[PDB]
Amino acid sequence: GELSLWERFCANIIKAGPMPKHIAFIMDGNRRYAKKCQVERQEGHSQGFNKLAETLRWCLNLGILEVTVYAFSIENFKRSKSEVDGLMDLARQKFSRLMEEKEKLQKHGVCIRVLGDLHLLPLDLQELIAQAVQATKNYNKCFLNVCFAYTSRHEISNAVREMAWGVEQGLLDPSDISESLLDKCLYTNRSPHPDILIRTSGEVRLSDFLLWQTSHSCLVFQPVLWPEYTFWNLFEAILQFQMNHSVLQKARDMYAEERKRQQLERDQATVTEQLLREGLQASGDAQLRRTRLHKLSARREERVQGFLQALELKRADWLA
C-alpha cells in the first residue's frame, strides 16, 4: 500500500506546501471504462470500488485524513433494475466485508460515515450501513464519508427541515436561522468543507454533490475514467489546489469577514429598531445598545447550542 520511490519523493515535495485536510471525489466513468475493457457493467463498478480503496491508501499516505466520496446518487435510482440491484448488492457485499474486517478498523482508527437519504435503500442495506457507522464511531485516526442515496438539494432541504423542526418545537426562533446553523444541520456537519473536489471522466459538472459545501472548494475535472485513477491524478489534483490556495484562502477568508460584518450590521439594526420603539435613544453612556447586543447574541447562541444538542440526540439511530 505504501508509495513508490517517485511517489514518496513528490509527496515529500508537496507536503512542504499547504496540504488539503479534506478531499471529495465524484467517482465517475465506471461504465465507460467497462465498455473500453469490454467487461460487463458490474465489473466496471467492482473495479471502480477497488480504486476507491487504493486512492484512500494514497490519501492516508499523503496525510489527507478526511475523504468524502459520491457512491450512489438519488438520481441513479432511475437506472435499470439490473444495474441498480447490481450496485445495491455490491454495497451489501462491501459493507459486509467491513464487519468481517472489524478490529482492523479499530486498529487503524477509521471512522465510516454514510450520508444521504438512506431510507430509500433496501432495509437490509440500511441495517448494514447502520451497524458499520455505529461500530466505527469514536474512531478518529481518519474519516471516510460515503454519500449513498444523496443529492445536495435533498441534503440542503433536509437541513432546513431540521431547523423548521427546531422552530416547531420551541428550540429555535426563525431569526436564529443562519448560514452556520444550516452548516451544522447538513449530513456533513461533522466534517469540514472539502478543500478540493475531484470529478473524473470528461464531465465539467457537479451533478448535485456538496453544492453547499464546495462553494469555495477548488474544483478539479480530470478526464481519466475513475477505475483508471492513478496516484498522479490525485497528485495533479493537489498540485492545482496548492496553486489556487493563496487566492482561495483570502476569498474564503474575506467571505467570512463580510458575512460577520453584515451579521453585525443586520444585528445592530434591529437593536436600533427595538430601542426606537421603546424610545430609549440609540447610543448612551449607559451603553444600553452595547449591553443589549451582547444579550441578543448570547441568547441566540444558547438557543442554537440547545437546538444542536437535541438534533445530535435525535440523530441517535441505535436501531436505525
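Numbering starts at 1 and runs along the sequence shown. Between two forms, the rigid core is the largest collection of C-alphas that superpose within 1.5 Å.
Asker: Of the stretches 28-36 and 43-51, which sits farther from where it is here in 7 other deposited structures of this protein, on average over its Cα atoms, after fitting the core?
Answerer: Comparing 43-51 with 28-36, the one that moves more in 7 other deposited structures of this protein is 28-36.
Asker: Compare the mean C-alpha B-factor of 213-221 with that of 126-134 as given in the PDB entry, and name the stretch with the higher value.
Answerer: The stretch with the larger mean CA B-factor is 126-134.
Asker: Got a sec? Mean C-alpha B-factor, which is higher, 254-262 or 27-35?
Answerer: Per the PDB entry, the higher value belongs to 254-262.
Asker: Could you say which of 237, 171, 156, 206 has its CA atom at the highest B factor, as listed in the PDB entry?
Answerer: Result of the comparison over 237, 171, 156, 206: 171.
Asker: Just grab whichever of 230, 96, 242, 200 has the top CA B-factor as deposited.
Answerer: Highest C-alpha B-factor among the listed options: 96.
Asker: Lowest, middle or highest third: where is residue 309 by C-alpha B factor in its chain?
Answerer: Answer is middle: the recorded C-alpha B-factor places it there.
Asker: Ranked by Cα temperature factor within the chain, is residue 185 in the lowest third, the middle third or the highest third?
Answerer: Tercile = middle for this residue's CA B-factor.
Asker: Quick one: classify residue 109 as lowest, middle or highest third of the chain based on its Cα B-factor.
Answerer: It belongs to the highest third of the chain when residues are ordered by C-alpha B-factor.
Asker: Taking only the Cα B-factors deposited for this chain, tell me whether residue 67 sits in the lowest, middle or highest third.
Answerer: For residue 67, the deposited C-alpha B-factor lands in the lowest third.
Asker: Would you please rank residue 92 by its C-alpha temperature factor against the other modelled residues of its chain and give the third it falls in: lowest, middle or highest?
Answerer: As the PDB entry reports it, the C-alpha B-factor of residue 92 lands in the middle third of its chain.
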